[PDB]
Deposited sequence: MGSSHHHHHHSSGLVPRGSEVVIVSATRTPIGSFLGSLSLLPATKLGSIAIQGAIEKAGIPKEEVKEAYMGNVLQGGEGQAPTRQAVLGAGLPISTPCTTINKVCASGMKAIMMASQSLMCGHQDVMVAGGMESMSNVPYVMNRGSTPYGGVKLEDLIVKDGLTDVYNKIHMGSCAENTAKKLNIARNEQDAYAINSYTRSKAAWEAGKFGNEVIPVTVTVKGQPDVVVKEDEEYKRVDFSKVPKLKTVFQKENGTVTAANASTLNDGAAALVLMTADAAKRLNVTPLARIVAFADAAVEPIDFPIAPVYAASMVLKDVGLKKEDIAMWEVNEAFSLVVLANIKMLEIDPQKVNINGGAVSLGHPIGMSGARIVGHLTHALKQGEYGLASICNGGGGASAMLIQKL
């Protein structure tokens, strides 16, 4: 049977070395899982399998998704799998659980994503120490943010796209400022009340994303470009930040929803993956969103809300340009530039956000790129 999102919940997003930095990604995962099952109004026993996206798994201990599940009090008998599709991971987890549900292999799943960038370690190779020194690599840079083929940062890939599509620093800064503004408005206006579950840190109660407050509008046009010396557009204010957080969605068949007498928030309509040249990852979401629209036969103007994950302001701007969509329909309550971006979580966060912000009958399209030249996109309706 058809896939329904029964609930969608997430921790706040904390800053790098910030308010959630004491919590492992797996704990953040448990908090969001518990909060999700709670909001669904179903027995914890009902959840049969779990997929969690988690990009930087080194040092987290054996089977991270199993840790998240068992630390949320879900049954011992729940199978668990950790998904890695770089920034798309959180979305890919929901896609893969939707497939399992559709197949009939499960009736009720949890799916989402978790990341604690604050706790990602450094690595030293196993082997004989080279004469003249030993390297100690940062796993965030090495596995998170470095393109393998070009050997440049993701920010430098963004720059390649900014040049190719003539998106200037001016338009990127305006967008970054716009995300902060939309993020502040949305929080003041309690738009995240239903989405976010507060986290009490026991050494301290965190109930709000901390990143959007870390802004000074006048500094923005003054910042040096980080990924490129001259003719650079991408800066620390206009690029997403490194963050900690977790998201969880309770998914089930329409039939399981009827059986358990629960009222689905949204139905999953369609989803797709696309891949392009590794360097071109910013536009991969264009092709993934297009595949979803073609497949179900809708056109751009039929969707009420777009969530093009804000990896860089440049990315959203590239998508709006190529898809010729109404920029006032995109990332309307902020996004990763001002909310932050715990890599394995963001794909799930953006689906969870559509689930809550869309009005009855409306179509929401979530898209997200990933290191390697990839993207996922998902179409939901309420």
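Trainee: Missing CA coverage against the deposited sequence, listed in sequence order.
Mentor: Deposited residues absent from the model fall in 1-18, 222-226, 406.
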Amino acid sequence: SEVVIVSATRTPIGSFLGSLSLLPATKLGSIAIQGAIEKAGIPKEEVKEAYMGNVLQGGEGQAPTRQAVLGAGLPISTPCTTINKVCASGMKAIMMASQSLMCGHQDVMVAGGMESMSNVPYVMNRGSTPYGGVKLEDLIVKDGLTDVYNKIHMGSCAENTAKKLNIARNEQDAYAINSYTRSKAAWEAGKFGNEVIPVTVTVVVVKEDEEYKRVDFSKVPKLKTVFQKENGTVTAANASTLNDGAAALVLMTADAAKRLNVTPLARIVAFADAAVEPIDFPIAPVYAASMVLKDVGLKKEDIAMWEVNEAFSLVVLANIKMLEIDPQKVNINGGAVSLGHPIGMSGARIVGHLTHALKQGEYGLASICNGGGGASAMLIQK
From here on, numbers count along this sequence of modelled residues.
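What we label the rigid core is the largest C-alpha set whose atoms superpose within 1.5 Å from one form to the other.
Trainee: What stretch shows more C-alpha movement in 6 other deposited structures of this protein relative to this form, 133-141 or 240-248, after the core is superposed?
Mentor: Stretch with the higher C-alpha RMS distance in 6 other deposited structures of this protein: 133-141.
Trainee: 123-131 versus 143-151: which one's CA atoms end up farther from this form in 6 other deposited structures of this protein after a core fit?
Mentor: It is 123-131 whose C-alphas lie farther from the shown form in 6 other deposited structures of this protein.
Trainee: Select between 171-179 and 244-252 the stretch whose C-alpha atoms have the higher average B-factor in the entry.
Mentor: So the stretch with the higher mean C-alpha B-factor is 171-179.
Trainee: When the C-alpha temperature factors are averaged for each of 38-46 and 311-319, which stretch ends up with the higher value in the entry?
Mentor: According to the entry, 38-46 carries the higher average C-alpha B-factor.
Trainee: For the CA B factor values reported in this entry, which option in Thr81, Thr225, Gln99, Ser118 has the top one?
Mentor: Comparing C-alpha B-factors across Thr81, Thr225, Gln99, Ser118, the maximum falls on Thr225.
Trainee: Based on the PDB record, which member of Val123, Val86, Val141, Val296 exhibits the highest Cα temperature factor?
Mentor: Among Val123, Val86, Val141, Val296, the highest C-alpha B-factor in the entry belongs to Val296.
Trainee: Split the chain's modelled residues into thirds by Cα B-factor; is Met95 in the lowest, middle or highest one?
Mentor: Within its chain, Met95 is a lowest-third residue by C-alpha B-factor, going by the deposited values.
Trainee: Compared with the other modelled residues in the chain, in which third is the CA B-factor of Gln360?
Mentor: According to the entry, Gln360 has a C-alpha B-factor in the chain's highest third.
Trainee: Where does the C-alpha B-factor of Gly334 rank in its chain, lowest, middle or highest third?
Mentor: It belongs to the middle third of the chain when residues are ordered by C-alpha B-factor.
Trainee: Tell me, lowest, middle or highest third: where does the Cα B factor of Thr146 rank within its chain?
Mentor: As the PDB entry reports it, the C-alpha B-factor of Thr146 lands in the lowest third of its chain.
Trainee: C-alpha B factor of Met109, ranked within the chain: lowest, middle or highest third?
Mentor: It falls in the middle third of the chain.
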